[PDB]
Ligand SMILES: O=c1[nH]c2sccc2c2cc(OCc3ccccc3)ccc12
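First, one chain by itself: the form solved without the named molecule, in C-alpha cells.
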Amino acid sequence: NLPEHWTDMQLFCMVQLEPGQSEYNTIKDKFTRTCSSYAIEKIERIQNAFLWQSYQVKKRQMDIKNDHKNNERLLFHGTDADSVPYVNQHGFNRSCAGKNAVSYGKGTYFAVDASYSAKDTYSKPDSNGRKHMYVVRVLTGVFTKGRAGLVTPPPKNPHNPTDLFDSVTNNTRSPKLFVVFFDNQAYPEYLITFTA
C-alpha cells in the first residue's frame, strides 16, 4: 500500500535526496520562493508506512465527504531538533503543540510560506546552527477563520454541530496558516535541514 517512488525498505526510513533531481529541486524552489536568505543542508524523504496508511485512509474519506479532490495542500512546519525524532515516527500531535503568537485554535499549525516556519520561534536553531522544517501534506478540506478557543474545527451550521469544517485558517481570502485538530490529517513528507 506504499508509493512506488519510495525506496524498498522495515516500516520507517529517511531517504536523502540528491540536488538536481526534480524531487529535490521542487522542494528547494518552494522553500527558496520566500526563504532566499537561508541555505539548505539536505532534504530527506520521510517514508513512514504506518503514518502514510492512516493519512491516505483519511484523505480518501475527505475526498468522498466533500465530493471533490482539492482537500490537500503542501505546507511547511518549523520545529526544534528535539521534536524531530517524534514527528518522523508519529507525526504531529496537537497535544504537544506550542501556543502560536496569533492563535486561531489549539491544534497543529502549518504555514503556506517557508519564511513563516523559518522563524527561530518555530525552527529553533540547534547548538550547531541547524534549523529544521517539515514539508507536509495537510488535509485542509473546507476551512473557515479560526478562533483561539477551538479544540476541534467549528461546525459549518450551528444547528448541526457534529458536521465540522476540516481545518481553520487565519484569513479565508488570503490564507497564510492552517490549523488541524486531528491525528493523521497531516503527513510529514520531507524534512529540510538548513542554516543561515
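Only residues modelled in both forms are compared. Under this definition, the rigid core comprises the largest set of C-alpha atoms superposing within 1.5 Å between the forms. Heads up: residue numbers just count along the shown sequence, starting at 1.
What follows is about the form deposited with the named molecule bound, which we do not show.
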**OP:** Could you superimpose the pocket C-alphas so that the named molecule sits on this ligand-free chain as it does in the deposited bound form, and then tell me whether the site is open or blocked by the 2.4 Å backbone/C-beta test with a threshold of 3 atoms?
**Re:** blocked
Original post:
Is every one of 76, 111 and 116 in contact with the named molecule in the deposited bound form, taking contact as a heavy atom within 4.5 Å?
Top reply: yes
Subject >> Partner proximity in the deposited bound form: residue 100 to the named molecule, non-hydrogen atom cutoff 4.5 Å >> reply: yes
**OP:** Return the sequence-ordered list of stretches, each of 3 or more consecutive shared residues, in which all C-alpha shifts are 2 angstroms or more between the shown form and the other one following rigid core superposition.
**Re:** 100 to 102
